[PDB]
Amino acid sequence: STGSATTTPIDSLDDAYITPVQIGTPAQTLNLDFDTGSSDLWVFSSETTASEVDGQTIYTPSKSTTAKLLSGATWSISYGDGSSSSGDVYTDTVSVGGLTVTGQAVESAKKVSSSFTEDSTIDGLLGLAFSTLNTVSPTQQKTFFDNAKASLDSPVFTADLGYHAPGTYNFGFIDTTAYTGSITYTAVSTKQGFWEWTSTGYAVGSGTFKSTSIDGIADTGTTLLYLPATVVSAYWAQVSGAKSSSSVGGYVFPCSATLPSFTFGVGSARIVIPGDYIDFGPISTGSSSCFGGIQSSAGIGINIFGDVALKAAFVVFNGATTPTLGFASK
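In the authors' numbering, the protein residues as written are 1 to 330.
The following block contains the structure:
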């Protein structure tokens, strides 16, 4: 089997991407944030504290003839941005782009933090990291990809995120019309439960490429590119007037600037992030200070190849017995 679904930016900055997902019988369609940095499929629901729902579409398990309470199971998750959610668990039928999993754990939120409430466009998350990170207790549950894997034509999914435009998540096949050149594959460590790999270096604009190993994660659920402070300083030094602002929380630059590109290495290959992809617009409405899309990871504990980096490539998440990542230009 295979599946193919369009993913759409939630706003004009590509802050995140939503993909429609069918849950239950008859189908309830919710728009979920596919997150290769976490491993829980959770949704706003009829159980979510009413004051914490503000425009999201909810899953109502009592209206699904295939929903079953997973007795005793609870979940609770906190994300790198400080947001969180928790609740109980149902199993139900879940389909993405024509690909159906029966018995998928659907984690029903009883509570969500303010950032989730305030974003009416995201009805939940669909985690695509490794199932060892799933938070269901006392019986850990599998991701949608892990459950679908055996049925897929090939044990892979691909992320093809658009710049200010829709893109595609495919499951079970590699669309050879979606990229240019060849795909370069690179080793993955699953020791932390992430799609963790080592970039071979970087360049700023037309500058020379610096060969240096940068360990980080491919994370579709993170907006920006978080890299070591040395690398980030080298990038922003090429932008007149750019500075790190503790009050704003990162590097800012004059909105009048033209940003240089940023290149990262995948083995001997190179992925080029155009400068425009690094512009996240005014820090507040009407400001002439703009927020940068490349930021320091020094406060995180890990480097994160988020959407800014991933949307410059066609990305293969290879879930074979020895997982690997593949990157192609497009």
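Note that the Cβ used here is the ideal one computed from N, Cα and C, for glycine as well.
The beta-carbon distance between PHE44 and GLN56, rounded to whole angstroms, is 4 Å. This is short enough to meet the 8 Å contact definition. The C-beta of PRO166 has fewer than 16 other C-beta atoms within 10 Å across all chains shown, which makes the residue exposed.
In the structure shown, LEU125 adopts extended strand secondary structure according to DSSP, grouped into three states.
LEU69 has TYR90 as its beta-bridge partners, per DSSP.
Contact between the segment 7-14 and the segment 102-109 is absent, with fewer than three C-beta pairs closer than 8 Å. Boundaries of the beta strand (DSSP E) around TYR169: 167-171.
Under the three-state reduction of DSSP output, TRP197 falls in the strand class. Residue pairing for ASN31: DSSP places it in a beta bridge opposite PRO20. Going by DSSP, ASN147 is part of the alpha helix (DSSP H) stretching over 144-148. Rounded to the nearest angstrom, the Cβ distance from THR186 to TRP197 is 5 Å, consistent with a contact under 8 Å. With at least 16 other beta carbons inside 10 angstroms of its own, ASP14 counts as buried. Boundaries cannot be given for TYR163, as no beta strand (DSSP E) includes it and DSSP labels it neither H nor E. Just so you know, the alpha carbons of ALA73 and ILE122 end up roughly 24 Å apart.
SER151 and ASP40 have their C-alpha atoms spaced approximately 20 Å apart. Closest by C-alpha distance to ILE174, out of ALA242, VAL188, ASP153, is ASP153. Only exposed fits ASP276, as fewer than 16 other CB atoms lie within 10 angstroms of its CB. Burial is judged here by how many other beta carbons sit within 10 angstroms of a residue's own beta carbon; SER85 has at least 16 and is buried. Between the alpha carbons of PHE130 and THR2 lies a gap of roughly 20 Å. Membership of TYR251 in the beta strand (DSSP E) is indicated by the continuous run 250-254. For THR176 and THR322, the gap between their C-alpha atoms comes out near 22 Å. As a beta-bridge residue in DSSP terms, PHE305 pairs with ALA218, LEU225.
The C-beta of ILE300 has fewer than 16 other C-beta atoms within 10 Å across all chains shown, which makes the residue exposed. The C-beta distance from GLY326 to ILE183 rounds to 4 Å, short enough to meet the 8 Å contact threshold. Rounded to whole angstroms, the gap between the alpha carbons of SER137 and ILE18 is 27 Å.
In this chain, the alpha helix (DSSP H) harbouring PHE116 covers 114-117. Take the alpha-carbon of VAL94 and the one of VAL308: they are about 29 Å apart.
In this structure, DSSP gives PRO282 an extended state, which the three-state scheme calls strand. Between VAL239 and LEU259, the C-beta gap is smaller than 8 Å, which places the two residues in contact.
In the three-state reduction of the DSSP assignment, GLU47 falls in the coil class, being assigned neither a helical nor a strand state. When secondary structure is reduced to three states using DSSP, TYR59 falls in the strand class. DSSP lists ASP92 as the bridge partner or partners of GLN104. In the structure shown, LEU133 adopts helical secondary structure according to DSSP, grouped into three states.
In this structure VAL156 touches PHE317 by the C-beta definition: roughly 6 Å separates them, less than 8 Å.
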